[PDB]
Structures are given as structure tokens and as C-alpha cells.
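Remarks on the structure that follows.
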Amino acid sequence: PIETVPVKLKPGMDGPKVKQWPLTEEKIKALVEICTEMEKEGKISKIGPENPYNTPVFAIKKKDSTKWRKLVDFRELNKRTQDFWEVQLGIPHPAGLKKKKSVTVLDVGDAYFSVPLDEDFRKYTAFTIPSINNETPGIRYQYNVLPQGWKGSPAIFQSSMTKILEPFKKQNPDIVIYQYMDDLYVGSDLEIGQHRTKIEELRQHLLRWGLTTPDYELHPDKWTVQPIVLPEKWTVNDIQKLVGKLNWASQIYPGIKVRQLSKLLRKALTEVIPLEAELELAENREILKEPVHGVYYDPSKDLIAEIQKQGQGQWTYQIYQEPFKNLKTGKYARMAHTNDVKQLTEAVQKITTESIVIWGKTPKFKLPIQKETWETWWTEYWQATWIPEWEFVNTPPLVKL
Amino acid sequence: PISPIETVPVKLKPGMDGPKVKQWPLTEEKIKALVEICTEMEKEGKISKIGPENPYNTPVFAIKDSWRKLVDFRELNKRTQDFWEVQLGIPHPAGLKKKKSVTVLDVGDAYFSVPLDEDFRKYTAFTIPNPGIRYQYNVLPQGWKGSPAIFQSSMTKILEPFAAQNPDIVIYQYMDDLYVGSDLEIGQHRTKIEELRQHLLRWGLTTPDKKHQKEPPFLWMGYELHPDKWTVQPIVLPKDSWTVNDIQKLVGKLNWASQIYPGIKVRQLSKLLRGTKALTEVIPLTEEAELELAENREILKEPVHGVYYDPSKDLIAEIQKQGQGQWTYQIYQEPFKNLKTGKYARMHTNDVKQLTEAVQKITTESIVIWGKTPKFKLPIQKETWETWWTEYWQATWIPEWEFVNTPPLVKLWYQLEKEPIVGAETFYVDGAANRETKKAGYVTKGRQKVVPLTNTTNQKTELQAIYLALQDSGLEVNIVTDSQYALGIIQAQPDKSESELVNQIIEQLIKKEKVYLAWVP
Ligand SMILES: CN(C)C(=O)CCOc1ccccc1Oc1cccc2cc(C#N)ccc12
């Protein structure tokens with residue numbers, strides 16, 4: 001029976017009272033079976049009406065199985081504990097992790113269901129299994145062990161993690177390990193086969209010391225602020241369009257001289273035209289790949305990510321903290337069965353992992369979707385144990401990239 | 001009875017203490033009444049007389065079809081801990097699972113039958129008056145903050161043993177009510193109910209007897225629940241001089257009646273109160289509204305009924321366009337009998353958009369009510385849906401849908417082109433407007449410049465110059481502009497709008513054989 005680390009909210013703060021979302025019957029039976037086993041194992045206990053707190057609960061489909069997972073939305077409790085509870089016991093974010101050629105991601109959350117949770121903090125993990133059509137008051141529970149998805153869980157467990165990881169970290173001094181929520185981020189400059197063996201040694205080393213792992217390869221060497229460019233080809237339409245995006249560009253980088261190429265007609269001309277302007281575009285293209293300076297990350301400011309529907313199973317994204325200030329740019333793609341919604345889900349889960357490695361925080365998302373549609377189907381493909389903030393966009397200007 | 005149930009422990013908000021409100025003796029004949037009640041209450045354990053052991057106090061009252069006690073607990077309520085929410089919503093008759101027999105057992109003396117936590121009783125003290133007799137509460141006081149939630153918890157526990165032994169029977173818990181259904185013979189069912197009564201009796205909970213069991217139709221939360229069908233209680237809407245208040249009450253009744261009465265349309269009547277206005281401020285009756293209400297009285301002239309839910313049968317929703325941005329839907333399991341109905345609205349947008357929005361409203365409701373999404377039979381074809389979204393900027397997804405040909409079908413009234421054409425023109429169209437005083441043009445023929453106007457907005461002018469580009473336009477054509485405003489509007493491929501000028505541009509775009517637009521800085 002380990003000694004329970006006490007947890008205090010930033011004084012002047014109450015506990016979460018988020019309302020539970022309505023769920024489908026398939027998912028409620030799932031949560032009822034999960035929750036029943038969890039109550040036999042002692043991990044959760046039913047509670048009374050004198051607990052006012054609530055946080056939302058969802059069900060997801062884990063990696064790929066029938067096996068249903070329970071997913072708790074501690075976004076509210078995180079903002080009211082981990083803020084100054086991380087400052088108390090925080091995980092330092094390792095800067096080199098962005099540099100390594102491969103980064104794999106180990107789920108280590110099941111381990112938390114061992115360390116007991118401090119008795120005076122339990123009431124704030126109240127959650128509710130809903131019923132259908134208001135037939136019954138929901139089923140109510142709180143946690144007695146560290147819940148998955150509470151950012152205070154890794155903070156408390158980090159001492160146990162460091163002890164089990166002490167030997168692996170010396171025999172392997174070159175490897176960067178980062179813990180974020182229920183995930184263990186491992187980066188090495190090894191070859192893919194070599195990297196995969198080292199990971200398999202790590203999982204094995206972790207398994208045998210108790211820490212149950214499941215038993216996602218990222219390549220941040222290939223990530224940068226990708227520059228806006230255009231492949232070579234020029235009609236008037238092509239000229240005018242190319243003329244356009246250069247104007248939007250003068251913003252993210254004052255230096256373009258579109259007027260040099262602008263020399264054109266001034267009658268029907270949607271046909272073809274021969275291109276000095278060739279020289280002007282050549283110099284600009286050099287300035288285009290120039291890394292925009294003046295781009296600084298402030299930890300006080302939050303991270304905002306925006307996504308745009310390109311088409312044909314591909315999506316483009318931009319992460320900033322201030323107007324322009326484009327700290328990262330990139331692309332997402334898929335083969336198949338992807339729909340407008342499901343791809344976005346996978347996109348977001350790729351745009352979050354990237355900000356976690358780079359800056360150790362998740363970004364608050366602006367999303368290209370009707371709110372209610374998102375709220376209905378996001379869990380149908382969600383497979384991360386975390387949940388980013390998100391708001392819904394309405395008016396898509398032709399940013400032209 | 002006081003009840004052998006355990007008590008929910010109560011605390012006071014951290015660092016607070018009991019209310020010390022004093023009473024103003026008011027009537028003294030009422031004091032003779034209040035002594036009568038409080039003597040009975042001490043006679044059944046509900047309240048007990050207390051000494052002057054430095055207790056707190058709360059007001060009293062006597063308000064009485066012609067009395068009745070009413071302690072004001074507002075001051076205690078403000079210092080008592082917070083409890084779990086009670087029941088935000090109400091179960092929908094469409095969601096109710098069909099049952100052979102149903103029974104409405106109304107518990108009696110609900111709150112007074114559940115003991116209150118000992119260590120918190122001191123704080124419920126109320127004095128009765130030229131000295132004053134003292135009293136505290138032993139059971140859940142009426143109007144106390146934690147009475148509703150602690151009764152609900154207590155009733156949920158008292159039922160667990162009997163449910164255990166009776167997995168077949170289904171009991172709904174609402175407020176001070178139990179709705180109790182089974183699939184067994186009446187004689188069997190009347191026996192099971194009578195067992196429920198005795199179970200509840202042992203715990204301190206009185207119930208109606210067989211002669212006093214409410215009989216159907218049940219008039220409940222504004223419905224008529226019949227044995228195998230349900231409907232709304234008779235909606236009643238009257239003169240000529242109306243108020244904001246009268247308009248609001250009316251739109252309430254037609255939204256209300258629209259869950260089973262299909263085709264209700266309340267748009268016209270709604271826009272009338274669209275401004276802050278007042279409540280008594282009389283409002284004029286628009287003629288199109290007097291039509292809506294005339295149509296509405298026709299829907300409500302005859303009755304219609306919903307059926308109850310069968311989770312074995314499958315769920316089918318249908319949508320049919322009404323016009324004017326209004327849509328109407330019906331969920332059923334068999335084609336005649338609707339589980340329920342409803343309608344959608346929008347606040348300038350293409351039909352497929354507003355259609356896929358309606359499917360959203362239905363999915364949300366289907367999950368709230370049946371825990372399942374409804375299979376859909378819509379008046380549209382893949383060709384129409386697939387292309388709209390695939391070139392829609394926004395993400396969208398629609399569950400299983402089969403085509404039904406019930407005009408008005410929704411379709412793409414027009415469509416822009418993706419690449420330029422085999423030669424038409426330019427139409428570079430500008431809208432110069434002096435924000436100080438009240439443009440238009442094309443350089444294909446160069447026959448630019450049609451007409452300015454007073455109070456004409458540069459945004460209206462640029463969009464009108466694109467419509468002006470449509471003037472010299474013939475068949476396959478290509479326009480251009482430096483106004484981002486214009487581009488977003490026609491690109492959204494809207495099929496109706498408030499400014500008919502933009503509706504004219506749709507008529508132009510609908511008429512022209514192949515269009516392709518572009519923007520330049
Ligand atoms: C409702 N009915 C006649 C059916 O035939 C549909 C089957 O309704 C029930 C199913 C199980 C338990 C109880 C059921 O009955 C009810 C469910 C919910 C609210 C009710 C409110 C009143 C009143 N006042 C009466 C009965 C109610």
C-alpha cells in the first residue's frame with residue numbers, strides 16, 4: 001500500500017461539473033461491462049448524491065478490436081489541477097526529441113490502475129454512465145486509483161517511471177524518453193530495424209517490471225515549416241493565379257515583387273502567353289524557402305491549429321500562436337474508406353502528436369465542421385487516450401495557402 | 001413513515017454555518033394552525049422539539065382551493081453543500097418500450113418519508129411564535145436544497161432488492177412517481193404491483209390502491225399516453241389584437257404540437273417577434289403569418305397519434321422539403337404509425353446543406369431517445385450528394401440513406417467549372433463606392449459601366465458588377481473580380497437569398513451553359 005500523494009486544487013477553484021454527453025446503446029452496454037469489472041477490481045467505487053462533481057465519459061475501440069475502451073474527458077479537471085499540479089511535479093520536456101530520426105509511442109496508462117489515489121481527491125473524479133431516453137438516473141462512480149487521462153496521473157507516477165527506466169537509460173544513453181499523459185515518447189537516431197528492436201527491448205524491460213504495456217512511428221527529422229511554393233509549368237489564368245498567391249505571401253514575408261511578373265495585358269486572354277519575369281520568379285523562389293524569421297514561441301500564449309479541406313483524401317494544417325506566426329505547416333493524406341469526418345479525426349490525432357513532441361503541449365483546434373456533427377461522431381474513430389480543445393470554424397476565406 | 005433507509009451524510013459549504021434568520025410573528029390565528037401541524041409532525045417523527053441549544057433559525061409562513069406550512073430555507077440553502085443534479089430532461093413517449101400492462105403508483109408524503117442526516121438536523125431549526133417554541137427537522141424538509149436528490153437516491157436504493165427479484169418488470173422513476181410496466185397477464189400483473197406496494201410500504205412509502213390507481217388515458221407532462229398510442233393534449237390557440245406575449249405562447253403550442261402533428265410550420269409567426277420589442281407591445285398581423293396560422297389550424301383540426309417503440313424492429317426516418325427554408329421529418333418502425341415527427345429550420349444557403357443539417361438534427365434526437373440512429377429514406381441521389389460535399393469546404397457525413405422520389409426533390413440548381421473554358425471573356429467587375437456619397441465594368445467588348453445608385457454598398461456593387469458581368473454574358477463564359485465578397489457567395493452555390501440581385505445571378509448562372517470564375521488582387 002503505497003503512500004498517497006495528496007492533491008490540492010489551486011485554492012479558489014471548485015471541481016468539474018461538466019454534463020455527460022448522450023451515448024448510443026452499444027456504447028453504454030460496453031461502459032457497463034467495463035465499469036462492473038473495474039468496480040470488482042477495486043479501481044472504482046459507486047458514489048452518493050452528496051458528490052456534486054462530474055466529468056464526461058466516452059467509449060472508443062482502442063487500437064483495432066471488438067475490445068471497447070473507456071475514455072474519460074478530464075479536460076476540465078486538468079485545467080483545475082494539473083495547472084500548478086504539473087508546476088509542482090512536472091515532467092520536463094526534452095528538447096532533443098524533435099531531432100531524432102524516429103520516435104515511437106508506447107501506451108503506459110494501464111500501469112496507473114495500481115497506485116491508489118488520495119482519498120480526499122477522489123470525489124473530483126466522479127463520472128456518470130448515462131441511460132437512454134431519461135429512463136433511469138445514470139450510474140455514478142469515482143476512482144480509487146490513478147485515472148487514465150488525468151494529467152496528474154503521470155505527474156504522480158513519474159517517480160516510479162524513473163526507477164524502472166534508470167537501467168535502460170544508461171545502457172542506452174542516446175535515447176530520449178518523454179512522458180506525456182498515458183504515453184511514453186521514445187526517440188533514437190538508430191536505423192528503423194534497430195530502432196524497432198530497441199523499442200521491443202524497452203517494452204520487454206517494462207513488461208517484466210510490472211508496467212503493463214499493450215504488447216505509431218513518427219519521423220520528426222522530416223518536419224519543418226514547409227515553405228509555400230509552386231511546381232513549374234504558363235497561361236494568363238496560371239499567371240494570374242500565381243500572381244495572386246504571391247500577394248497573400250507578401251504578408252507572411254514582405255519581400256515579393258509580383259509587379260515584375262505582373263506585366264501582362266490590360267480582352268479575352270484565358271488562353272496562353274510566353275513568360276525577365278523568369279529571373280524575378282527565380283529570386284523570389286529563393287526568398288520563398290527562406291525561413292521566416294521573427295517567429296518565436298511564447299509558453300504563456302496557447303497553441304492554435306487550423307485545418308483546411310483540400311480534397312481527394314488529403315488535408316493541410318497550420319499551427320500558430322499569433323496572426324501569421326506560422327510555427328509549423330504540413331500535410332496529411334490517406335489512401336479507401338476515409339470520409340470527411342474520419343480523416344479529420346486522424347488528422348487532428350497527427351497534429352496533436354506533433355505539438356506534443358515539439359513543445360510538450362497540445363494545441364487548441366479550429367475545426368472545419370458543424371459542431372453537432374463532430375460531437376456525434378468524433379469518438380467513432382478516436383484512438384488517443386487524450387482529447388484536445390476544439391472550436392468550430394464557420395467562414396472559410398480563400399486563404400490561397 | 002420515517003423509513004429504515006440509511007441517511008446521506010450532509011455537510012455545509014466549507015467555512016459556513018447555519019442560517020440565523022428571525023421570524024416576524026404575522027398572524028396569530030395562523031400560529032394556532034401551525035401548532036396543530038407541528039404537533040402532528042412531532043407525533044409521526046418528522047420534527048422534534050428542541051431546546052435553546054444555540055441553534056440557528058429559518059422563517060415560517062402559512063400560505064394556503066383554500067392551511068399549509070412553508071419554511072423559507074433560502075438562507076440555509078445558500079450554505080448547504082452541493083448535490084448531484086436531479087433529472088434535467090423528461091423521457092419521450094416515442095422512446096417508451098411497449099408493454100402489456102402499465103401502472104402509475106404515486107408515492108405519498110415522499111420527502112417526509114426519508115430520514116435526514118443527524119449531524120445536519122440542528123441547521124434546519126425553525127421557531128414558532130408575545131417566547132417561542134423550537135423545532136428541527138428529522139426527515140427531508142420541503143424546499144431544502146438536498147431534498148430532491150436525496151429522495152431520488154433513496155428511492156433508487158429501495159427498489160434495488162425488488163428489481164433484483166423481478167428482472168422482467170420495468171420501473172421508471174420520475175419525481176414522486178413510479179411508472180411500472182410488465183408483459184404478464186393482468187392478474188399476474190396486479191399481483192406483482194401489489195408486491196411492489198408492500199415492498200415500498202415496508203420502507204415507509206405509501207402508494208395508491210387498486211381502485212385509486214390512475215387509469216388511462218394518462219395526462220402527463222403535456223401528453224395523452226393511451227395504452228398503445230400517444231398524442232399531445234389538445235393544443236388551444238384562439239382574436240385580432242395580439243401581443244409579443246400572445247405570439248410567444250402561440251409559437252410554443254405549435255412547436256409543442258409539431259412532435260406528432262406533421263407539417264406544422266411556425267416560421268412566419270416567429271419572425272414577427274424577431275426584435276427585442278416589448279411584451280405588452282401589440283404587434284401587427286402579417287398576411288403570410290395569418291396564412292401559416294390558417295394552415296396550422298387545419299393540421300390541428302383532426303387528431304393524430306404516435307405509437308410506442310419496439311427495439312426489435314428497425315428505425316426509419318424520412319425527410320421531405322416544405323419550401324421557404326422549412327423541412328419536416330417523421331420517424332417510424334411501420335409506415336403508417338409514426339413514432340414521432342418534427343421540423344427543421346435555418347437562420348442564403350444551398351438546399352443540400354440545409355438537408356444535411358436536417359439529418360444532423362435527427363441523428364442527435366435518435367441517439368437521445370432510442371440509443372440508435374435511424375436508417376434514412378431521403379429525396380436525393382448519390383450523384384447529388386457525393387458531388388456537393390466533395391467540393392464543399394466543410395466536413396460532412398450521413399448515415400445509411402436510400403432514395404425516395406417525392407418531389408420537391410433537392411438538386412444542384414447550377415454548377416461552376418473547375419478549369420477555364422475554350423474561350424469566352426473577362427468581366428473584371430468593380431464596385432467603387434464612396435462611403436461619403438452613394439462603378440461596374442468589364443474588359444472582355446469592353447461595354448462596361450451600367451449604373452451606380454444611392455446608398456449602394458461597394459459590396460453590393462461588386463456583387464452587382466458580377467451580375468453586371470452576367471448582362472453581356474451569353475453562353476459558356478468566364479468572369480473575374482478583385483472582390484473576395486462576391487467569390488465566396490456564388491462559390492457557396494446558394495440556391496436562394498435575401499437580395500434578389502443575388503437571386504438574379506443564380507438565374508443568370510442557372511441559365512448560362514458553362515461558367516468559370518476567378519479572383520485577382
Ligand atoms: C405509457 N403507456 C401507457 C404505455 O403503454 C407505454 C409504456 O410505458 C411504460 C413502460 C415501462 C414502464 C412504465 C411505462 O409507462 C410510463 C412510462 C413513462 C412515463 C409514464 C407516465 C405516465 C403518467 N402519467 C404513465 C405511464 C408512464
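How things are named: the first chain in the C-alpha cells is A, the next is B, and so on; residues count from 1 in each chain; ligands count from 1 in the order shown.
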Output as a compact mmCIF listing (two decimals) with N, CA, C and O atoms, in the first residue's frame the set of chain A residues within 6 Å of chain B, with distances taken over only C-alpha atoms.
```txt
# COMPACT_ATOMS: atom_id res chain seq x y z
N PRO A 22 -25.03 12.39 -24.19
CA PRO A 22 -25.80 11.19 -24.51
C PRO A 22 -24.98 10.26 -25.40
O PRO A 22 -24.28 10.70 -26.33
N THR A 24 -24.85 6.14 -27.38
CA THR A 24 -25.61 5.08 -28.02
C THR A 24 -25.65 3.84 -27.14
O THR A 24 -24.80 3.63 -26.27
N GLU A 25 -26.64 2.98 -27.40
CA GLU A 25 -26.84 1.80 -26.56
C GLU A 25 -25.66 0.85 -26.62
O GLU A 25 -25.23 0.29 -25.60
N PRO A 49 -25.38 10.90 -3.75
CA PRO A 49 -25.81 12.22 -4.24
C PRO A 49 -25.05 13.39 -3.62
O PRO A 49 -25.15 14.51 -4.14
N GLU A 50 -24.34 13.18 -2.51
CA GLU A 50 -23.55 14.26 -1.93
C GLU A 50 -22.20 14.46 -2.61
O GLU A 50 -21.40 15.29 -2.15
N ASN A 51 -21.92 13.73 -3.69
CA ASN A 51 -20.86 14.13 -4.61
C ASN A 51 -21.49 14.94 -5.74
O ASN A 51 -22.30 14.40 -6.51
N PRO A 52 -21.18 16.23 -5.87
CA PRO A 52 -21.75 17.02 -6.96
C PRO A 52 -20.97 16.96 -8.28
O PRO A 52 -21.48 17.45 -9.30
N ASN A 133 -32.98 7.81 -23.08
CA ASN A 133 -34.31 8.42 -23.03
C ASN A 133 -34.73 8.71 -21.58
O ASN A 133 -35.89 8.51 -21.20
N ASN A 134 -33.78 9.16 -20.76
CA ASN A 134 -34.05 9.53 -19.36
C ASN A 134 -34.71 8.40 -18.57
O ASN A 134 -35.55 8.65 -17.72
N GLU A 135 -34.48 7.15 -18.95
CA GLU A 135 -35.24 6.05 -18.29
C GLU A 135 -34.85 5.92 -16.81
O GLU A 135 -35.75 5.72 -15.98
N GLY A 244 -1.70 35.99 -57.84
CA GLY A 244 -2.48 36.13 -56.63
C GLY A 244 -1.78 35.67 -55.37
O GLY A 244 -1.55 36.47 -54.46
N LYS A 267 -8.97 42.31 -72.51
CA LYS A 267 -9.62 41.50 -73.57
C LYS A 267 -9.54 40.01 -73.21
O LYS A 267 -8.74 39.67 -72.31
N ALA A 268 -10.33 39.17 -73.88
CA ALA A 268 -10.31 37.72 -73.60
C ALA A 268 -8.86 37.22 -73.70
O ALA A 268 -8.22 37.49 -74.73
N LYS A 309 -9.87 21.66 -45.70
CA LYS A 309 -10.22 20.53 -46.56
C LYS A 309 -9.63 20.81 -47.94
O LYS A 309 -10.10 21.70 -48.66
N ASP A 340 -15.02 12.62 -44.96
CA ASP A 340 -14.80 13.96 -44.43
C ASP A 340 -14.51 13.94 -42.93
O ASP A 340 -13.57 14.60 -42.46
N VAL A 341 -15.26 13.15 -42.15
CA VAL A 341 -15.09 13.18 -40.70
C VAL A 341 -13.89 12.35 -40.28
O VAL A 341 -12.97 12.87 -39.64
N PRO A 368 -12.99 22.45 -39.13
CA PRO A 368 -13.86 22.74 -40.30
C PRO A 368 -15.10 21.85 -40.37
O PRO A 368 -15.24 21.02 -41.28
N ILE A 369 -16.02 22.01 -39.42
CA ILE A 369 -17.12 21.06 -39.31
C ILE A 369 -18.24 21.67 -38.49
O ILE A 369 -18.01 22.54 -37.65
```
For this session: Enumerate residues in contact with ligand 1: an atom-to-atom distance of at most 7 Å, counting only C-alpha atoms and all ligand atoms. Format the result as a list in words.
Result: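 What falls inside 7 Å of ligand 1 is residues 91, 93, 96, 97, 98, 99, 102, 103, 104, 170, 171, 172, 179, 180, 181, 216, 218, 219, 220, 225, 226, 227, 228 and 308 of chain B.
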For this session: Can you check which residues of range 68-313 of chain A DSSP gives as helix (DSSP H, G or I) on the backbone and send them as a PyMOL selection string?
Result: chain A and resi 75-80+82-88+95-98+109-113+119-125+152-171+192-208+220-222+236-252+258-262+277-289
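Distances here use only C-alpha atoms; by that measure, the residue among B:324, B:280, B:448, B:147 closest to residue 110 in chain B is B:147.
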Problem set entry | Nearest-residue call for residue 457 in chain B, choices B:433, B:489, B:278, B:506, using only C-alpha atoms |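 Among the listed residues, B:433 lies closest to residue 457 in chain B.
Take the candidates B:130, B:27, B:101, B:461 and check each one against residue 186 in chain B using only C-alpha atoms; the shortest distance goes to B:101.
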Problem set entry | Computed interatomic separation between CA of residue 481 in chain B and CA of residue 441 in chain B (Å) |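 Pair CA of residue 481 in chain B / CA of residue 441 in chain B returns 10.1 Å.
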If you run DSSP over the backbone, which residues in range 420-511 of chain B end up strand (DSSP E or B)? Put them as a PDB file with C-alpha atoms, in the first residue's frame.
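Written out: selection_29.pdb:
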```pdb
ATOM      1  CA  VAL B 429     -16.065  43.839 -62.357  1.00  0.00           C
ATOM      2  CA  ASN B 434     -17.868  56.443 -51.745  1.00  0.00           C
ATOM      3  CA  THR B 437     -21.553  59.555 -51.229  1.00  0.00           C
ATOM      4  CA  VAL B 477     -18.468  32.438 -70.305  1.00  0.00           C
ATOM      5  CA  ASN B 478     -15.732  33.408 -67.782  1.00  0.00           C
ATOM      6  CA  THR B 481     -13.136  40.141 -59.926  1.00  0.00           C
TER       7      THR B 481
END
```
For this session: Would you list the contacts of range 106-109 of chain B as JSON, numbers by chain, taking every protein, DNA or RNA residue within 10 Å and counting only C-alpha atoms, but skipping same-chain residues closer than 2 positions in sequence?
Result: {"B": [1, 103, 104, 111, 112, 113, 114, 174, 175, 176, 177, 178, 179, 197, 200, 201, 204, 205, 206, 207, 208, 209, 212, 213, 214]}
Expected file: the selected residues, N, CA and C atoms, as a CSV table (one decimal), in the first residue's frame:
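Now in part09.csv:
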```
chain,number,residue,atom,x,y,z
B,1,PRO,N,-44.1,7.0,6.9
B,1,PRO,CA,-43.3,6.6,8.0
B,1,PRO,C,-41.8,7.2,7.9
B,103,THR,N,-48.8,0.8,-14.9
B,103,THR,CA,-49.4,1.2,-13.7
B,103,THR,C,-48.7,2.4,-13.1
B,104,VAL,N,-49.4,3.4,-12.7
B,104,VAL,CA,-48.9,4.6,-12.2
B,104,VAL,C,-49.1,4.6,-10.7
B,111,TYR,N,-41.0,13.3,0.5
B,111,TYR,CA,-39.9,13.8,1.2
B,111,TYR,C,-39.9,13.5,2.7
B,112,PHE,N,-41.1,13.6,3.2
B,112,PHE,CA,-41.3,13.4,4.7
B,112,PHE,C,-41.0,12.0,5.1
B,113,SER,N,-40.9,11.1,4.2
B,113,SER,CA,-40.7,9.7,4.5
B,113,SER,C,-39.3,9.2,4.5
B,114,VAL,N,-38.3,10.1,4.3
B,114,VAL,CA,-36.9,9.7,4.2
B,114,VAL,C,-36.1,10.5,5.3
B,174,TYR,N,-39.8,9.0,-11.8
B,174,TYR,CA,-39.9,10.4,-12.1
B,174,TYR,C,-40.4,11.2,-10.9
B,175,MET,N,-39.6,12.0,-10.3
B,175,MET,CA,-40.1,13.0,-9.3
B,175,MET,C,-40.6,12.1,-8.1
B,176,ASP,N,-41.9,12.2,-7.8
B,176,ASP,CA,-42.6,11.4,-6.8
B,176,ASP,C,-43.4,10.3,-7.5
B,177,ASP,N,-43.1,9.9,-8.7
B,177,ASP,CA,-43.9,8.9,-9.4
B,177,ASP,C,-43.1,7.7,-9.7
B,178,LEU,N,-43.7,6.5,-9.8
B,178,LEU,CA,-43.2,5.3,-10.4
B,178,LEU,C,-44.1,4.9,-11.5
B,179,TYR,N,-43.6,4.7,-12.7
B,179,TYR,CA,-44.3,4.1,-13.8
B,179,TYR,C,-43.8,2.7,-14.1
B,197,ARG,N,-46.1,-2.5,-3.9
B,197,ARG,CA,-46.7,-1.7,-2.8
B,197,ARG,C,-46.2,-2.2,-1.5
B,200,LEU,N,-42.6,-1.4,-0.9
B,200,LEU,CA,-42.4,0.1,-0.7
B,200,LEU,C,-43.0,0.4,0.7
B,201,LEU,N,-44.1,-0.2,1.1
B,201,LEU,CA,-44.7,0.0,2.4
B,201,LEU,C,-43.6,-0.3,3.5
B,204,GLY,N,-41.5,2.6,4.1
B,204,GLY,CA,-42.0,3.8,4.6
B,204,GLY,C,-42.7,4.6,3.5
B,205,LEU,N,-43.1,3.9,2.4
B,205,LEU,CA,-43.6,4.6,1.2
B,205,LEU,C,-45.0,4.0,0.9
B,206,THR,N,-45.9,4.9,1.0
B,206,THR,CA,-47.3,4.7,0.7
B,206,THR,C,-47.6,4.9,-0.8
B,207,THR,N,-48.6,4.2,-1.3
B,207,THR,CA,-48.9,4.2,-2.8
B,207,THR,C,-50.4,4.1,-3.0
B,208,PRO,N,-50.9,4.5,-4.2
B,208,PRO,CA,-52.3,4.3,-4.4
B,208,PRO,C,-52.7,2.8,-4.5
B,209,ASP,N,-53.9,2.5,-4.0
B,209,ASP,CA,-54.5,1.2,-4.1
B,209,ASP,C,-55.2,1.0,-5.5
B,212,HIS,N,-57.7,3.3,-6.7
B,212,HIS,CA,-57.1,4.6,-6.8
B,212,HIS,C,-56.0,4.7,-7.8
B,213,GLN,N,-55.5,3.6,-8.3
B,213,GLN,CA,-54.5,3.7,-9.4
B,213,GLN,C,-55.1,4.5,-10.5
B,214,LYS,N,-54.3,5.5,-11.0
B,214,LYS,CA,-54.8,6.3,-12.1
B,214,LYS,C,-55.0,5.4,-13.3
```
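For the pair CA of residue 349 in chain A and CA of residue 303 in chain A, the separation is 15.0 Å.
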Problem set entry | Residues within 9 Å of range 203-211 of chain A, only C-alpha atoms, excluding chain neighbours under 4 positions, as a ChimeraX atom specification | /A:106,108-112,161,164-165,168,198-199,215
Exercise. What is the CA of residue 374 in chain B-CA of residue 376 in chain A distance in Å, reported with one decimal?
Worked result: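 Separation between CA of residue 374 in chain B and CA of residue 376 in chain A: 13.8 Å.
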Exercise. Taking only C-alpha atoms into account, which of B:492, B:246, B:303, B:498 comes nearest residue 396 in chain A?
Worked result: B:492
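Among the candidate residues A:160, A:247, A:55, A:65, the one lying nearest to residue 127 in chain A is A:55, with distances computed using only C-alpha atoms.
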Exercise. If we count only C-alpha atoms, what is near residue 133 in chain B at a cut-off of 10 Å, once residues fewer than 6 positions away on the same chain are taken out, given as a count of residues only?
Worked result: 7
For this session: Would you mind telling me which residue in B:321, B:346, B:74, B:375 lies nearest to residue 410 in chain B when using only C-alpha atoms?
Result: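 Closest residue, counting only C-alpha atoms: B:321.
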